[PDB]
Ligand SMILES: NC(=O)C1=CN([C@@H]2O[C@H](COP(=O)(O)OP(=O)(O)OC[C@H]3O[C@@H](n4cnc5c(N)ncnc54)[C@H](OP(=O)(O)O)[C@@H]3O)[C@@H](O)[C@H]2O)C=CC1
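One chain comes next, on its own, written out as C-alpha cells in the form deposited without the ligand.
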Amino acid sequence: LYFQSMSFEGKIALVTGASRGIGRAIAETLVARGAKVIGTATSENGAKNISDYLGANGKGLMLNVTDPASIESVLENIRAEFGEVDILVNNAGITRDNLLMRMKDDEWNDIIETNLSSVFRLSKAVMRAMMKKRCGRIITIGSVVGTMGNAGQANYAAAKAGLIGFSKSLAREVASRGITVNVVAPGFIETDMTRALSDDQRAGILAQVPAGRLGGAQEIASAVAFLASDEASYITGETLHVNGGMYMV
C-alpha cells in the first residue's frame, strides 16, 4: 500500500517509565501504529498495570534501571519472548528540586543516576543488536530545563543537558549504521499532577508558555513516534523541543 513504510509492524519498542503520563502515551501510540511495546516500571505493581493496558500488544516488566543486573534479564526476557529491540525510548526522569545551598548530596546523586546515567546504561544494552541490524532508534525524553536552566533545579538541568551531550556523541558513533539517537525536550506537560494545582500556581505556570496552555502527554508521544519512524532516518543528534514556545532554539 501507499504508506506501507509508515507502519511499525515487525518492530520491537522498549519504553521506560511507561506506567502513566508521557511514557504511557508513548507505549500506546507505538502499539497503535503496529509495534510490540515493552513498557517498564519501577515497582511490580507498576509492571502489572502496564501489562494490563498493553494486553496482547506487549508486556510490562519491572526494570530497576539503576541496578545493572536488572537490565540484563529484562533485555533477555524481551529477546526470548519478542526479539531484539528496534526502538529504545528513555523516559525515566524524576525531580528533586532544591536551591543549591539546601540541596542534599543524595538529591544530586539520585537525579544524576536516574536521569543521566540511566540513559547510558540502557543505550549500551540495546546498542549491539541495532548495529547488527543496521537500523535502530534511540530517543530520550529530555526537558526544556536542560537547555534553559531553572533555579532550584540545577541537578535536573545538569542531567537533562547531559543526556543531550551523551546523545550527540552516540549519534556520531552509530550514524553510519542506520541508527538514530535523538532527544525530545518537553516543556510543562499536564499530568496526574497539575490537575490539583492551585489557581495561582497554574496561572504562574501559564505565564511562562506563549501558547497559553500546558502540553499533552500525547503531544510528546507524537513527536517520539515520528522520530522513531522510517521517515525520520535522517535526524540524529538533534533535540526536538516541544514546549509551546516557553523557550526557542
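For every residue, the number given is its place in the sequence shown, counted from 1. Whichever C-alpha set is largest while still superposing within 1.5 Å between the two forms counts as the rigid core. Residues that one form lacks are left out of the comparison.
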Can you tell me whether 74-82 has a higher mean C-alpha B factor than 118-126 in this record, or the other way round?
74-82
Going by the B-factors listed in the PDB entry, is the mean over the C-alpha atoms higher for 37-45 or for 205-213?
37-45
Options 184, 189, 221, 193 - largest CA temperature factor per the record
193
Third of the chain's Cα B-factor distribution that residue 29 belongs to, per the entry
middle
Tell me, lowest, middle or highest third: where does the Cα B factor of residue 17 rank within its chain?
middle
Please place residue 6 in the lowest, middle or highest third of its chain by C-alpha B factor as given in the entry.
highest
Thinking about Cα B factors across the chain, which third does residue 144 belong to?
lowest
Please rank the C-alpha B-factors of the chain's modelled residues and tell me whether residue 94 sits in the lowest, middle or highest third.
middle
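As for the form solved in complex with the ligand, it is not shown, yet the points below apply to it.
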Of 193, 207, 69, 56, which one comes within 4.5 Å of the ligand in the entry with it bound, counting heavy atoms only?
193
Hey, in the entry with it bound, is residue 19 touching the ligand, heavy atoms inside 4.5 Å?
yes
At the 4.5 Å heavy atom threshold, is residue 63 in contact with the ligand in the entry with it bound?
yes
Verify the contact flag for residue 114: yes if a non-hydrogen atom of it lies within 4.5 Å of a non-hydrogen atom of the ligand in the entry with it bound, no if not.
yes
Give a yes/no on whether residue 49 approaches the ligand to within 4.5 Å in the entry with it bound, heavy atoms considered.
no
Looking at the ligand in the entry with it bound, which residues in 133-172 have at least one heavy atom within 4.5 Å of it?
141, 142, 143, 156, 160
Moved residue between the shown form and the other one - picked from 69, 207, 193, 56, where its Cα shifts 2 angstroms or more relative to the rigid core
193
Okay, core lined up, where does the chain shift between the shown form and the other one, counting runs of 3 or more residues with each Cα at least 2 Å away?
192-202
